[PDB]
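Engineer: Sharing a structure below in structure tokens format, with a few things to ask.
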Amino acid sequence: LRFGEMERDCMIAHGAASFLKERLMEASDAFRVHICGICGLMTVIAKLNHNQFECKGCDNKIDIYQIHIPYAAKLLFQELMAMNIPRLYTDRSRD
Amino acid sequence: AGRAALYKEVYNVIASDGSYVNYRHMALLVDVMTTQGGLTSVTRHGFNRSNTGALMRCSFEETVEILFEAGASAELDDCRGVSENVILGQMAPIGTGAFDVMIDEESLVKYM
Amino acid sequence: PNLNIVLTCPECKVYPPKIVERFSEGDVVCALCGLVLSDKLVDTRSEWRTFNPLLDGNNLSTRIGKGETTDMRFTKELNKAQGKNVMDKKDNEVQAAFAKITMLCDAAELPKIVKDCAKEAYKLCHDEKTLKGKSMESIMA
Amino acid sequence: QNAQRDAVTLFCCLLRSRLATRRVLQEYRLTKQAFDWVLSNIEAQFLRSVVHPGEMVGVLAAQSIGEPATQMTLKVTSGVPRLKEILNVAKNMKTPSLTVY
Amino acid sequence: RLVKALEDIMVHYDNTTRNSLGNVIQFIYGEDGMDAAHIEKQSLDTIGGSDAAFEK
Amino acid sequence: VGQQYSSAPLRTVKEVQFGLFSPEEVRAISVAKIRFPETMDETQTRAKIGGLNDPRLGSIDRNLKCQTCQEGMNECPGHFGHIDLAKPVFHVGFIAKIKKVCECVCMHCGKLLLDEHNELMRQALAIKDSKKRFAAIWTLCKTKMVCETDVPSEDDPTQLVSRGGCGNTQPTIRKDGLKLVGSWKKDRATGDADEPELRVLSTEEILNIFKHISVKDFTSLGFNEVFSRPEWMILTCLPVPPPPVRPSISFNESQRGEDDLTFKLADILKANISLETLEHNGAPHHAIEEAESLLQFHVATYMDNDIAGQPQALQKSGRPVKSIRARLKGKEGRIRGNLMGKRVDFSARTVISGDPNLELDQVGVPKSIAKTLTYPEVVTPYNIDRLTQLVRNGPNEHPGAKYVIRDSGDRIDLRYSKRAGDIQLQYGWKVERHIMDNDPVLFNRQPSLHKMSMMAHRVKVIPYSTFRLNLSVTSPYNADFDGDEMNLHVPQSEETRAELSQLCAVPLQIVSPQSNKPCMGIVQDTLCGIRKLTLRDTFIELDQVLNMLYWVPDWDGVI
Amino acid sequence: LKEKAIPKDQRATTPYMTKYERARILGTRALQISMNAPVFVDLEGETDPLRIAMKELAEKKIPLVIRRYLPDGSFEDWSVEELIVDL
Amino acid sequence: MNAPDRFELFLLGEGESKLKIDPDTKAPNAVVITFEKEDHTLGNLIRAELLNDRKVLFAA
Amino acid sequence: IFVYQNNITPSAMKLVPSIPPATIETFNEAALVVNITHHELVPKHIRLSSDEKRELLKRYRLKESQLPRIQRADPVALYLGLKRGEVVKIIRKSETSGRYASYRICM
Amino acid sequence: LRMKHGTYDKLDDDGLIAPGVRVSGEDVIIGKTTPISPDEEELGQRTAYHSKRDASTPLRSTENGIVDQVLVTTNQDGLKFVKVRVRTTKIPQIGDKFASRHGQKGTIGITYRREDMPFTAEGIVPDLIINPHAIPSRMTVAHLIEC
Amino acid sequence: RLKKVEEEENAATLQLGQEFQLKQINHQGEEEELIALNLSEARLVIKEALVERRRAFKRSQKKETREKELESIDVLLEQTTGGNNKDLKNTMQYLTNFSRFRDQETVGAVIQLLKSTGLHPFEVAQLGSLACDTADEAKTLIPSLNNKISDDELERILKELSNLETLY
Amino acid sequence: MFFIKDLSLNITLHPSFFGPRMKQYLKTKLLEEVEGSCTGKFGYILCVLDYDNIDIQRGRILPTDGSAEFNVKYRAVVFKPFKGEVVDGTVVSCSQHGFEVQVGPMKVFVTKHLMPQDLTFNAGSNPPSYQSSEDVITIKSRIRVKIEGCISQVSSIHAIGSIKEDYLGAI
Ligand SMILES: [Mg+2]
Ligand SMILES: [Zn+2]
Ligand SMILES: [Zn+2]
Ligand SMILES: [Zn+2]
Ligand SMILES: [Zn+2]
């Protein structure tokens, strides 16, 4: 089925934020990745048979996180980089 | 006086027929349209060219141009916005999201 | 290396496993065991229902004409500037012979099958010293 | 303190107008008991009537203005185009009238 | 357009009507802090009448 | 599946930061060195040539490769490759900004025209949001097409103090096509010097002079040196996206029908090698200009095909090639159609009819729909027997299950499941089962406009496939039974079920927040009947009043 | 920096627990009772986790506390016992 | 697939009784009965004649 | 306070921003023939001392940019003569509470 | 290879179905096989499992009719070209939509038999009953006049 | 942020790493100097922590002879924790194998001396973890120490440390 | 070498463990997921300090799961494998192209090129002994090895070393 903008809006108006998130992950994409904790990019090679998380270019084997994301958003970042553009910093750095 | 006249005008238009909406909604619309020191039409550019999150601002059909501007100016997006939290898939700090749920070892001890 | 994956139920293992596809669920199940194997299958018929590279070869064909959201003078400029790489490839000769045999076959009101078979016949040899010219009439005919 | 006092002026004025003592004794004939009851009910209801913090007033307002703009109609401009102009200014006139007293 | 322009406005626990950046739109919400529902068209009983009728 | 558990710290995204790529950044993060314009079927079968399509990047299907990082398909996110261009080329997303900034700076010196000595631009530098400062600088430096070494005299009483680097003159740049021409009037002949140098400015010299700008100057112009540099703003080394961005559609009759973006990239690499061979061999300097123009044209086309209407640049067939802007534009291009709204799961769609035997929070659902839909439950001590019985039922009669989920990421399908009576259904598991009665569920009518029309309901399963709802709730949905259709949305967890029941349920939404009067009511038939019944001139006898009293459900038993 | 929080006194936020955290705490308690966590009041044959949570709230024993975010970043805290549940 | 046909319209209770004999808890000596595979063509008759009897107090 | 009959040549107004901290203000009689504040749509405006402004910021926990703005070239701003960084409390006759307070920043 | 579970038994030796038999939702009706070559069609990258890559056409997943009037004849250029036809009975149900000649569209709510349909003195039990409120606001006088 | 390479080797010419540098801040806001340790000091404090946590568990269910001590703390370790700490067995074997003092009081006297000298912490911790009595030979071992310290001062500290420590 | 610092950890707790006595339960979990562990930032994590008055005091319930997250601050002892100075390790296993020295917790290896070419290595030894004067590989085998560099990776620690120096290999 379709869950369009207006449906999203009136869900916002209810305020059932956890339902909205549930409908935007589990009913759909729900993809996992790993991001570089220094680049803020998604280039992390993750040999999951060996727990290895090298990030070439960054050249670290430590600062790695896994996040959860819509797959379409993953895609949108992929072609945004293909447009030569999006660091994804895992926490605050402004306060 | 500008926003008072504007509120008078919008009330006149929407109360020519099909009245009425409550006052507070209309007042909120007037205020968010006038809270910059000057009148700001809700266009593709008017409210859109504020110092506001690039993701919600590219949710409004000037998409690649405004993303190029954001990439060139290299600015940071705070992700306190609902659209940002949606397209990043986290639960927005909204309604039920507007707080946190914290365990309490003390009350847990006190209620054996 | 060969990078290859064969599905195998890790709890039955009795064969190359007798499994089935539940296409309406996008899942594959060990039919003897009943445990799901992998999920979120990808479509295999709606992609065809949505809508010749082999005859034209490895190089990719391009029918380029004029559009609608541009001026007629700019379409003429497009037609004049689109002819800058008609000599690097031998594909120019390939679609030249293709156009020629298109003219000949459809002048002989032949079926599309016959047209494609002649395309294949030219594409198969297409360049040899055994060809050796012959005014292109011998080889096309 | 000042904001809280100035935020309930209308409501307390109305309350005073209703519960003027001549009025309550002459019209309504309360008891002491029922008087305490009506005081407690007013207080409890009013405190149940405040805005719950943490909800999307802007979206609520936007929808509440948007939907009765759909069932609205179409000398002087009016209707849909006038609303579009005044919501989308666009400093164009089409009726630049001004009343003079 | 309108619902896109007024998305992120939130009443906060400080009873201010803020945007995403915390810019204040209303100071107290709606000039009263009163809800959207619990409102009736009840009447003020001091405006009307004569001066004499009022003091009567 | 268990999604192949990893010990990386799961955290959330809080900040996102934009910018550009330095060419060393893209060359560092790239994996492949794509050089062969042909992609697939090297001999001509499979395991494609080491050009496009995974030597060492995203695989196609059922092959582990992903540059030997082994996440099958559905966990490898793709891995970037890159190519190298012979010449630097522009960016259609930055053409006008390049024009503005090349107006702004003096070439051959690489410094700002105005330097902290006009008080007007002094305060223009002082004022900053982020870019109104830049626009003010740009509009103050339109003039003075000569660069200077010593302008300022009135900074002092009259002392003329030198700051500048070059006394050279600037052109007046005319933006045209996909390139930039200059015109140096320069007014320094023996006469008036009416000789504008109509010279097309090289991308190479723009790159060099952009490399010759100060950090200081970046901050004035609104560039962040660690994220945004004007010499990064010219394309030199170009990333490619892995096939998960641009999948071969695998045409599903016999062929592949391989897709648009890869066609365009094959074009790019073909024009690249043509240009470099033409350069490396005998270059007669009259093919160079159009060859590089074609290269820049095609990379511009690949970036965008929605440009000022001098080209159109279509492929086979007459449908023009869609570029990334066309892929991301409004109305279902990846943002309004895949992020802000999307397809979902766990939903249903039928037509509706009235029923005066359902109270408002109830909805009637066909047994077929409740057999298709489901909802997981976690096995507790409390529900162990009921779930055991409901598994034992099997997936064909209605109050039964469809899937069982063990503690690890397992799903044993109950359909095949010849040990169906043999599962003992241990604790901590998930049993995924049909819709029972009075489960909460969400309800929709397109087009939703206001706070209603997403209302929750309890579910009573009914036969005879169609939906079924009370007549009073009709007008908030704004839906007569002329053939309208609703939508269902089954929640999937305890939090979402709870918040759905405690907010979106109908009975706590009687008063409309939008207009402070209730939006419900009773309607046509019962309204007419209730006026008919409430008249002084009518009466009821004993048997009728007994049946009516028994029809009232909470009737206390006193007549 | 300066502890970003508040003493339990002079908490200037309403003492009336409102609907959004009503729903949230009911959902959370429902989920723990779903995953065989220890219940904190007796049962009477009811098996629904949500109703269990509803009664457990009704006589006020929830082992949770709540954190409200003021717009700056400083936060108050409250114990779900010390709220009042009227709506 | 599990939408009922007209077999269940009148065929008496399969693995089931014909009627339930459940006591009300709201008035003295009241009992509700649930017949099934029947309808008005029964029910109206029983109610009317039982009401015609004088010793009863309520029948609907 | 300087009042001109008609136009001012820029040479006679380029050096208006001279001699800080002394400030020079310009006015047309046409702009001064009618008192602006006596119009009934204009609410009451009052000025904030720097102390109570700082108190306001510490109470509502804002930081100095989240207030609604007001132009320097505004008529009421020019009537009051205030400059950058000042706060004007605004008292207007609301309709849901009668009397309602608000503040602006002259930025 | 990867052929469906359509239980191909309804077909015959010439790869077609016969007219007059019944078909359920998932029964295949047409059998197709890949003639490629070059794929190393029964000697490589597949077992035997001879050369299928089956391109069979199942019936639409819901309806269930009876196969009627199957014909085959060559196409324009000469191939083997097949058309089948299937026939279904469609009894009215709840959700079906009827209309008058006056724009009174609507659907069936529920159904009744005669013994609780209302009935007139001559025993003319009606076919269908629509609500009176569709009369005044729709202003549809001519419907009444027609009746 | 700039990818911040910062190549750095660890040596004793005040060539110390960033990740463990000297001046940190503790979580209550007080300044946190680097704690570098001696081998014999570590040998003492593992025993101190072990006896402290053992007596902590004695209260929990209520409410220096190396050959005995290694196996005793081993059986104390698999009393509660697991047997996977074979490398930790290797570590306290290393500590009892090469720690410069078996007894606590010599270590305490050395630290009481060093708290008055005010030497460089990581330098003197490396010296204490080393077990040698020859200053010039130590300077030949580590040219970082050879460049840093004068041999006369090195031996004048090394002998008044060497007479105290238990020779091996 | 071994280090002492205050350090922070990041721990989930399943909602089934919400019993009345969880503080010491978390202390136990801290014990068997701090003691006997390796990382890259802090290396081999040996043991904990400051068992009393530990810092947890508060925890948040995760949104999508009933897991409760806790933040733990604690003093501890770890190991920091340096590079470029001498350790007198012991060797347990050997290869054909060099011995593998177990200096305490890790296993540092010395390549057959990293041993000095004038060391008189005899391959006919059990284990293959790269001895010249006294550094015969035994069960004890106190060999003065200098770490080349302990290369840091994901949490599996590896190091390299050599004995091409006077009194390197020699005690
Ligand atoms: Mg923003
Ligand atoms: Zn990186
Ligand atoms: Zn199996
Ligand atoms: Zn991969
Ligand atoms: Zn210059």
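Here's how to read the names in the structure tokens: chain A, B, ... by the order shown, residue numbers from 1 in each chain, ligand numbers from 1 in the order shown.
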Counting only C-alpha atoms, which residues from chain L have an atom at most 6 Å from any atom of chain K, and could you show them as a ChimeraX atom specification?

Structural biologist: /L:3-4,36,104-105

Engineer: Quick one: everything within 12 Å of residue 20 in chain L, counting only C-alpha atoms, minus sequence neighbours fewer than 3 positions away in the same chain. Send it as a ChimeraX atom specification.

Structural biologist: /B:104-112 /G:37-40,63 /L:16-17,23-25

Engineer: Write out, as a short mmCIF file (atom, residue, chain, number, x, y, z; two decimals), in the first residue's frame, the residues just selected, with N, CA, C and O atoms.

Structural biologist:
data_model
loop_
_atom_site.label_atom_id
_atom_site.label_comp_id
_atom_site.auth_asym_id
_atom_site.auth_seq_id
_atom_site.Cartn_x
_atom_site.Cartn_y
_atom_site.Cartn_z
N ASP B 104 15.03 3.31 37.30
CA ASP B 104 15.26 3.81 38.65
C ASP B 104 15.58 2.64 39.57
O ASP B 104 14.68 1.96 40.07
N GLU B 105 16.88 2.44 39.81
CA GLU B 105 17.31 1.43 40.76
C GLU B 105 16.82 1.74 42.16
O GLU B 105 16.53 0.81 42.92
N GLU B 106 16.68 3.02 42.51
CA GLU B 106 16.27 3.37 43.87
C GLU B 106 14.83 2.94 44.14
O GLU B 106 14.56 2.26 45.14
N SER B 107 13.90 3.32 43.26
CA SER B 107 12.51 2.89 43.44
C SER B 107 12.38 1.38 43.28
O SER B 107 11.54 0.76 43.96
N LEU B 108 13.20 0.79 42.41
CA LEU B 108 13.23 -0.66 42.27
C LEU B 108 13.62 -1.35 43.57
O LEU B 108 13.04 -2.38 43.93
N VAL B 109 14.59 -0.78 44.29
CA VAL B 109 14.96 -1.30 45.59
C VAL B 109 13.82 -1.10 46.58
O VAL B 109 13.46 -2.01 47.33
N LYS B 110 13.20 0.08 46.55
CA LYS B 110 12.20 0.43 47.55
C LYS B 110 10.91 -0.35 47.40
O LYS B 110 10.13 -0.43 48.36
N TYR B 111 10.66 -0.95 46.24
CA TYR B 111 9.42 -1.68 46.00
C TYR B 111 9.65 -3.18 45.77
O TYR B 111 9.19 -3.72 44.78
N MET B 112 10.29 -3.87 46.69
CA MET B 112 10.98 -5.24 46.70
C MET B 112 10.06 -6.24 45.91
O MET B 112 9.67 -7.28 46.40
N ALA G 37 9.86 -10.18 32.29
CA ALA G 37 10.43 -9.42 33.37
C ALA G 37 9.58 -9.58 34.62
O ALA G 37 8.41 -9.96 34.53
N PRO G 38 10.14 -9.33 35.80
CA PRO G 38 9.35 -9.45 37.02
C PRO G 38 8.24 -8.42 37.08
O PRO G 38 8.48 -7.21 36.96
N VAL G 39 7.02 -8.90 37.28
CA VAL G 39 5.89 -8.03 37.52
C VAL G 39 5.99 -7.53 38.96
O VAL G 39 6.70 -8.09 39.79
N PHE G 40 5.33 -6.42 39.24
CA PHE G 40 5.46 -5.82 40.55
C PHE G 40 4.16 -5.67 41.31
O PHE G 40 4.14 -5.01 42.34
N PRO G 63 8.55 1.04 38.21
CA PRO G 63 9.97 1.27 38.51
C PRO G 63 10.69 2.08 37.44
O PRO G 63 11.81 1.75 37.04
N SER L 16 14.77 -9.03 31.55
CA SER L 16 14.55 -10.13 32.47
C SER L 16 15.33 -9.93 33.76
O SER L 16 14.88 -10.33 34.83
N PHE L 17 16.50 -9.30 33.66
CA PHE L 17 17.28 -8.96 34.84
C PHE L 17 16.90 -7.55 35.32
O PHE L 17 17.70 -6.63 35.31
N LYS L 23 22.44 -4.13 41.34
CA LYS L 23 23.67 -3.34 41.36
C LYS L 23 24.89 -4.25 41.38
O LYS L 23 25.80 -4.12 40.55
N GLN L 24 24.91 -5.22 42.30
CA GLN L 24 26.00 -6.18 42.33
C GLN L 24 25.95 -7.10 41.12
O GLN L 24 26.99 -7.62 40.71
N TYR L 25 24.77 -7.29 40.53
CA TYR L 25 24.66 -8.05 39.29
C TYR L 25 25.41 -7.36 38.16
O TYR L 25 26.16 -8.00 37.41
#

Engineer: Within 12 Å of ligand 4 (counting only C-alpha atoms and all ligand atoms), which residues show up? I'd like them as a ChimeraX atom specification.

Structural biologist: /A:33,42-48 /C:3 /F:31,54-61,63-80,242-244

Engineer: Once you count only C-alpha atoms and all ligand atoms, which residues end up within 12 Å of ligand 5, and could you hand them over as a VMD selection string?

Structural biologist: chain F and resid 102 to 115 144 to 150 163 to 171 209 212 to 213

Engineer: If you count only C-alpha atoms and all ligand atoms, which residues end up within 8 Å of ligand 2, as a ChimeraX atom specification?

Structural biologist: /A:35-44,55-60 /F:29

Engineer: Which residues come within 12 Å of residue 22 in chain C, counting only C-alpha atoms, excluding same-chain residues fewer than 4 positions away, as a list in words?

Structural biologist: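 The contact residues come out as residues 26, 27, 28, 29, 30, 31, 34, 36, 37, 38, 39, 40, 41 and 42 of chain C; 413, 415 and 416 of chain F; 2, 3, 4, 5 and 6 of chain J.
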
Engineer: Output N, CA, C and O atoms of each residue in that selection to a file, as a PDB file, in the first residue's frame.

Structural biologist:
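Everything below was put into result.pdb:
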ATOM      1  N   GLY C  26       8.339 -13.938  -0.988  1.00  0.00           N
ATOM      2  CA  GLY C  26       9.714 -13.546  -1.218  1.00  0.00           C
ATOM      3  C   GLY C  26      10.723 -14.305  -0.395  1.00  0.00           C
ATOM      4  O   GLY C  26      11.770 -13.754  -0.037  1.00  0.00           O
ATOM      5  N   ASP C  27      10.435 -15.562  -0.082  1.00  0.00           N
ATOM      6  CA  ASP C  27      11.239 -16.347   0.835  1.00  0.00           C
ATOM      7  C   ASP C  27      11.512 -17.714   0.233  1.00  0.00           C
ATOM      8  O   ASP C  27      10.775 -18.192  -0.631  1.00  0.00           O
ATOM      9  N   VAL C  28      12.580 -18.348   0.703  1.00  0.00           N
ATOM     10  CA  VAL C  28      12.919 -19.709   0.317  1.00  0.00           C
ATOM     11  C   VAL C  28      13.015 -20.565   1.568  1.00  0.00           C
ATOM     12  O   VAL C  28      13.571 -20.137   2.588  1.00  0.00           O
ATOM     13  N   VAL C  29      12.395 -21.739   1.516  1.00  0.00           N
ATOM     14  CA  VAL C  29      12.219 -22.599   2.677  1.00  0.00           C
ATOM     15  C   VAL C  29      12.745 -23.987   2.346  1.00  0.00           C
ATOM     16  O   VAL C  29      12.498 -24.504   1.252  1.00  0.00           O
ATOM     17  N   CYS C  30      13.453 -24.598   3.293  1.00  0.00           N
ATOM     18  CA  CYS C  30      13.780 -26.013   3.179  1.00  0.00           C
ATOM     19  C   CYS C  30      12.500 -26.803   3.335  1.00  0.00           C
ATOM     20  O   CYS C  30      11.996 -26.967   4.449  1.00  0.00           O
ATOM     21  N   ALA C  31      11.990 -27.310   2.210  1.00  0.00           N
ATOM     22  CA  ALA C  31      10.671 -27.931   2.180  1.00  0.00           C
ATOM     23  C   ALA C  31      10.614 -29.184   3.036  1.00  0.00           C
ATOM     24  O   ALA C  31       9.557 -29.520   3.574  1.00  0.00           O
ATOM     25  N   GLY C  34      11.269 -26.982   6.784  1.00  0.00           N
ATOM     26  CA  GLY C  34      10.319 -25.938   7.096  1.00  0.00           C
ATOM     27  C   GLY C  34      10.917 -24.658   7.629  1.00  0.00           C
ATOM     28  O   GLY C  34      10.171 -23.706   7.881  1.00  0.00           O
ATOM     29  N   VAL C  36      12.935 -21.203   7.158  1.00  0.00           N
ATOM     30  CA  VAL C  36      13.232 -20.282   6.078  1.00  0.00           C
ATOM     31  C   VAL C  36      14.738 -20.242   5.851  1.00  0.00           C
ATOM     32  O   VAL C  36      15.542 -20.497   6.758  1.00  0.00           O
ATOM     33  N   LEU C  37      15.136 -20.013   4.607  1.00  0.00           N
ATOM     34  CA  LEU C  37      16.551 -19.924   4.291  1.00  0.00           C
ATOM     35  C   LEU C  37      16.990 -18.479   4.109  1.00  0.00           C
ATOM     36  O   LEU C  37      17.824 -17.975   4.863  1.00  0.00           O
ATOM     37  N   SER C  38      16.418 -17.793   3.128  1.00  0.00           N
ATOM     38  CA  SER C  38      16.715 -16.395   2.889  1.00  0.00           C
ATOM     39  C   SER C  38      15.424 -15.687   2.540  1.00  0.00           C
ATOM     40  O   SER C  38      14.481 -16.292   2.024  1.00  0.00           O
ATOM     41  N   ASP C  39      15.398 -14.393   2.812  1.00  0.00           N
ATOM     42  CA  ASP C  39      14.186 -13.605   2.709  1.00  0.00           C
ATOM     43  C   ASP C  39      14.386 -12.427   1.770  1.00  0.00           C
ATOM     44  O   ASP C  39      15.507 -12.142   1.335  1.00  0.00           O
ATOM     45  N   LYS C  40      13.274 -11.747   1.498  1.00  0.00           N
ATOM     46  CA  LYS C  40      13.217 -10.574   0.633  1.00  0.00           C
ATOM     47  C   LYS C  40      13.765 -10.900  -0.758  1.00  0.00           C
ATOM     48  O   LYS C  40      14.811 -10.408  -1.174  1.00  0.00           O
ATOM     49  N   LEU C  41      13.055 -11.785  -1.443  1.00  0.00           N
ATOM     50  CA  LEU C  41      13.428 -12.106  -2.806  1.00  0.00           C
ATOM     51  C   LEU C  41      13.228 -10.906  -3.713  1.00  0.00           C
ATOM     52  O   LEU C  41      12.478  -9.983  -3.418  1.00  0.00           O
ATOM     53  N   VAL C  42      13.894 -10.950  -4.841  1.00  0.00           N
ATOM     54  CA  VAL C  42      13.836  -9.877  -5.813  1.00  0.00           C
ATOM     55  C   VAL C  42      12.977 -10.350  -6.972  1.00  0.00           C
ATOM     56  O   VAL C  42      12.917 -11.549  -7.266  1.00  0.00           O
TER      57      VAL C  42
ATOM     58  N   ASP F 413       8.657 -21.983   8.904  1.00  0.00           N
ATOM     59  CA  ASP F 413       7.353 -21.748   8.313  1.00  0.00           C
ATOM     60  C   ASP F 413       6.411 -22.877   8.705  1.00  0.00           C
ATOM     61  O   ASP F 413       6.698 -24.045   8.469  1.00  0.00           O
ATOM     62  N   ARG F 415       3.761 -23.723   7.345  1.00  0.00           N
ATOM     63  CA  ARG F 415       3.030 -24.315   6.236  1.00  0.00           C
ATOM     64  C   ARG F 415       3.590 -25.676   5.871  1.00  0.00           C
ATOM     65  O   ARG F 415       2.832 -26.622   5.637  1.00  0.00           O
ATOM     66  N   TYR F 416       4.906 -25.803   5.812  1.00  0.00           N
ATOM     67  CA  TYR F 416       5.475 -27.088   5.413  1.00  0.00           C
ATOM     68  C   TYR F 416       5.608 -28.031   6.603  1.00  0.00           C
ATOM     69  O   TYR F 416       5.008 -29.108   6.589  1.00  0.00           O
TER      70      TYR F 416
ATOM     71  N   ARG J   2      14.059 -23.450 -11.761  1.00  0.00           N
ATOM     72  CA  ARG J   2      13.236 -22.580 -10.908  1.00  0.00           C
ATOM     73  C   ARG J   2      11.786 -22.443 -11.388  1.00  0.00           C
ATOM     74  O   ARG J   2      11.152 -21.390 -11.266  1.00  0.00           O
ATOM     75  N   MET J   3      11.229 -23.536 -11.893  1.00  0.00           N
ATOM     76  CA  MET J   3       9.837 -23.495 -12.305  1.00  0.00           C
ATOM     77  C   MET J   3       8.925 -23.514 -11.087  1.00  0.00           C
ATOM     78  O   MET J   3       9.299 -23.965 -10.002  1.00  0.00           O
ATOM     79  N   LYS J   4       7.719 -22.989 -11.275  1.00  0.00           N
ATOM     80  CA  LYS J   4       6.808 -22.752 -10.169  1.00  0.00           C
ATOM     81  C   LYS J   4       6.172 -24.051  -9.696  1.00  0.00           C
ATOM     82  O   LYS J   4       6.400 -25.130 -10.250  1.00  0.00           O
ATOM     83  N   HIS J   5       5.332 -23.934  -8.670  1.00  0.00           N
ATOM     84  CA  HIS J   5       4.622 -25.077  -8.110  1.00  0.00           C
ATOM     85  C   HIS J   5       3.221 -25.206  -8.680  1.00  0.00           C
ATOM     86  O   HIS J   5       2.305 -25.654  -7.982  1.00  0.00           O
ATOM     87  N   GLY J   6       3.039 -24.851  -9.953  1.00  0.00           N
ATOM     88  CA  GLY J   6       1.721 -24.837 -10.548  1.00  0.00           C
ATOM     89  C   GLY J   6       1.128 -26.193 -10.833  1.00  0.00           C
ATOM     90  O   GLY J   6      -0.032 -26.237 -11.260  1.00  0.00           O
TER      91      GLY J   6
END

Engineer: Taking only C-alpha atoms and all ligand atoms into account, which residues are within 7 Å of ligand 3, as a ChimeraX atom specification?

Structural biologist: /C:9-12,30-35

Engineer: Could you dump the residues just selected with N, CA and C atoms as an mmCIF file, in the first residue's frame?

Structural biologist:
data_model
loop_
_atom_site.group_PDB
_atom_site.id
_atom_site.type_symbol
_atom_site.label_atom_id
_atom_site.label_comp_id
_atom_site.auth_asym_id
_atom_site.auth_seq_id
_atom_site.Cartn_x
_atom_site.Cartn_y
_atom_site.Cartn_z
ATOM 1 N N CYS C 9 20.231 -26.287 3.634
ATOM 2 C CA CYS C 9 19.655 -26.236 4.960
ATOM 3 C C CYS C 9 20.681 -26.723 5.967
ATOM 4 N N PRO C 10 21.056 -25.914 6.956
ATOM 5 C CA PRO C 10 22.039 -26.349 7.948
ATOM 6 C C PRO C 10 21.490 -27.293 9.001
ATOM 7 N N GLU C 11 20.293 -27.844 8.816
ATOM 8 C CA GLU C 11 19.746 -28.803 9.754
ATOM 9 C C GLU C 11 19.185 -30.041 9.074
ATOM 10 N N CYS C 12 19.148 -30.083 7.744
ATOM 11 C CA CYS C 12 18.697 -31.272 7.040
ATOM 12 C C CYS C 12 19.841 -31.920 6.273
ATOM 13 N N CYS C 30 13.453 -24.598 3.293
ATOM 14 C CA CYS C 30 13.780 -26.013 3.179
ATOM 15 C C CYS C 30 12.500 -26.803 3.335
ATOM 16 N N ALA C 31 11.990 -27.310 2.210
ATOM 17 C CA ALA C 31 10.671 -27.931 2.180
ATOM 18 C C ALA C 31 10.614 -29.184 3.036
ATOM 19 N N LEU C 32 11.738 -29.864 3.204
ATOM 20 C CA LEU C 32 11.736 -31.002 4.102
ATOM 21 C C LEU C 32 11.754 -30.557 5.551
ATOM 22 N N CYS C 33 12.419 -29.445 5.849
ATOM 23 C CA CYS C 33 12.540 -29.020 7.235
ATOM 24 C C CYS C 33 11.499 -27.983 7.624
ATOM 25 N N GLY C 34 11.269 -26.982 6.784
ATOM 26 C CA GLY C 34 10.319 -25.938 7.096
ATOM 27 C C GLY C 34 10.917 -24.658 7.629
ATOM 28 N N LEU C 35 12.227 -24.600 7.801
ATOM 29 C CA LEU C 35 12.882 -23.373 8.217
ATOM 30 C C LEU C 35 13.149 -22.508 7.003
#
